[PDB]
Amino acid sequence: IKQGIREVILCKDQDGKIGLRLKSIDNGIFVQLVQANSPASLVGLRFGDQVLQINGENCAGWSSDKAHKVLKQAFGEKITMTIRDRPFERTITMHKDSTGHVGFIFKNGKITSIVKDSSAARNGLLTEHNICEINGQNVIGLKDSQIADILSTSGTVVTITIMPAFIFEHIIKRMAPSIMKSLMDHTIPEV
């Protein structure tokens, strides 16, 4: 969750696709979905990122529809965007015990209880927050089973990006949990 604003520059794939869906939230535009192996993924747009400008037009007070309209009309060659990194999220760093636990319980991606004397307790992990990333890897839409797996097979130091449920629920509204599981970039970042 960086020091604020960054410029990214995009190029539509052969199909005229950048690989992005946008949702209007509190008179901002925010990233709803980033398609695996898309232009948007390569330049490194992420779930929950904010779009301030699109080719130097201010996005504030645009509808989800209009954001999408805008993206089409644009000359494919080069699209500049001004991004604010994942404003509604935070990153917590835990360390597993020798039982391999950070020390919390979740359900449908959402944390539901914290476990006395754990690292998640020591570090102030909060309930009623949905899990967004784990060790830099988007996990939104996976089954609770798989999210578990990634925490088993991570090292000692775990890093979890979280988002207030109320805000999370209001972003993923109008996107089926098939497209979530199918098409949302869940890959480790390319270098």
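All residue numbers refer to positions in the sequence shown, first residue = 1.
Here the stretch with the larger average CA B-factor, out of 162 to 170 and 54 to 62, is 54 to 62.
In this entry, the higher average B-factor at the C-alpha atoms falls on 149 to 157, of the pair 149 to 157 and 136 to 144.
For the set 105, 120, 74, 83, the PDB entry assigns the largest Cα B-factor to 74. In the deposited entry, the Cα temperature factor of residue 78 sits in the top third of values across the chain's modelled residues. Among the modelled residues of the chain, residue 112 sits in the lowest third by CA temperature factor in this PDB entry. Ranked by Cα temperature factor within the chain, residue 42 sits in the middle third according to the deposited record. Residue-level temperature factors show residue 25 in the lowest third of its chain, judged at the C-alpha atom. The deposited CA B-factor of residue 70 belongs to the highest third of values across its chain.
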